[PDB]
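A.B. asks: Please see the structure below; I have some questions.
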Amino acid sequence: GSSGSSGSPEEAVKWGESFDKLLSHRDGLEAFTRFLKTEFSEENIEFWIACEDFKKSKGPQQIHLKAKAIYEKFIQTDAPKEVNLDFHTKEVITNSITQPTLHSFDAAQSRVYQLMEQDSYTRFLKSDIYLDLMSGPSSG
């Protein structure tokens, strides 16, 4: 189907190359998140995203707004989308929530970005959502 075509098996095989590769592409990322959503873990990827976008913020306002939100969202533990972060990273931000910058969150993003790439990614590779992408003529 030239007109309509979604989810290509050619990109999947490549996605495996590296975690980043998968993210780079929308399809790959989306699918990856789905797997987590079912396990109520998406919260992790949710933070990773807000970051990549946070940097694309304009002016101090956007940085402050997004910062406060994302902070009391993932950063903080008493939050719903609270992700697994280092004590310091959580504290430093809590106090530096007023002096946040574009090159500040970057640190936190790295923490999570890895957490997933470690398990999330691997586990995702063996996830139905992923497999389907290729739907190899042989299971196992």
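The values are calculated or read from the model by the stated rules, or taken from the named source; none is laboratory data. All Cβ positions, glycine included, derive from the backbone under ideal geometry; neighbour counts span all protein chains shown.
A.B. asks: Any idea which residue in segment 70-120 is surrounded by the fewest Cβ atoms within 10 Å (Cβ to Cβ), counting only those that are touching a residue at least 40 places away in the same chain (Cβ under 8 Å) and assigned to a loop (DSSP other than H, G, I, E, B)? Before the answer, list the steps.
C.D. replies: Going residue by residue through segment 70-120, those that are touching a residue at least 40 places away in the same chain (Cβ under 8 Å) are 83-84, 102, 105-106, 108-109, 112-113, 115-117, 120.
Among the residues that remain, those that are also assigned to a loop (DSSP other than H, G, I, E, B) are: 83-84, 102, 105.
Details: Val83: 23, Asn84: 14, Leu102: 12, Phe105: 25.
Here the answer is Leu102.
A.B. asks: Condition first: within 23 Å of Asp132 (Cβ to Cβ) and either in a loop (DSSP other than H, G, I, E, B) or in the same structural domain as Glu82 (by CATH) (or both). Can you find one or more residues in segment 22-35 that meet it? Give the derivation first.
C.D. replies: The initial filter retains those residues of segment 22-35 that are within 23 Å of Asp132 (Cβ to Cβ), namely 22-35.
After this cut, where a residue has to be either in a loop (DSSP other than H, G, I, E, B) or in the same structural domain as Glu82 (by CATH) (or both) as well, the list is 25.
There is at least one residue in segment 22-35 that is within 23 Å of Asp132 (Cβ to Cβ) and either in a loop (DSSP other than H, G, I, E, B) or in the same structural domain as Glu82 (by CATH) (or both).
A.B. asks: It is to be established whether one or more residues within segment 57-69 are at positive phi and within 18 Å of the chain's Cα centre (by Cα). Steps first, please.
C.D. replies: Our first condition is that a residue be at positive phi; within segment 57-69, this holds for 59.
From what is left, the residues that are within 18 Å of the chain's Cα centre (by Cα) are none.
So far as segment 57-69 goes, no, none of its residues is at positive phi and within 18 Å of the chain's Cα centre (by Cα).
A.B. asks: Separate question: Tell me, which residue of segment 16-28 that is touching a residue at least 40 places away in the same chain (Cβ under 8 Å) and hydrophobic (A, V, I, L, M, F, W, C) is farthest from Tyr121 (Cα to Cα)?
C.D. replies: Ranking the qualifying residues of segment 16-28, first place goes to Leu22.
A.B. asks: Follow-up question, since we're still on this one. Let me spell it out: the conditions are (1) surrounded by 13 or more Cβ atoms within 10 Å (Cβ to Cβ); (2) on the phi > 0 side of the Ramachandran plot, and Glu11 meets all of them except one. Which number is the exception?
C.D. replies: Against the list (1) surrounded by 13 or more Cβ atoms within 10 Å (Cβ to Cβ); (2) on the phi > 0 side of the Ramachandran plot, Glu11 comes up short only on (2).
A.B. asks: If you don't mind, another one. For segment 121-140, which residues satisfy the criterion of being within 20 Å of the chain's Cα centre (by Cα) and part of a helix (DSSP H, G or I)?
C.D. replies: Going through segment 121-140, the residues within 20 Å of the chain's Cα centre (by Cα) turn out to be 121-131, 133.
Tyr121, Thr122, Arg123, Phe124, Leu125, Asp128, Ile129, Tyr130, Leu131, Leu133, listed by residue number.
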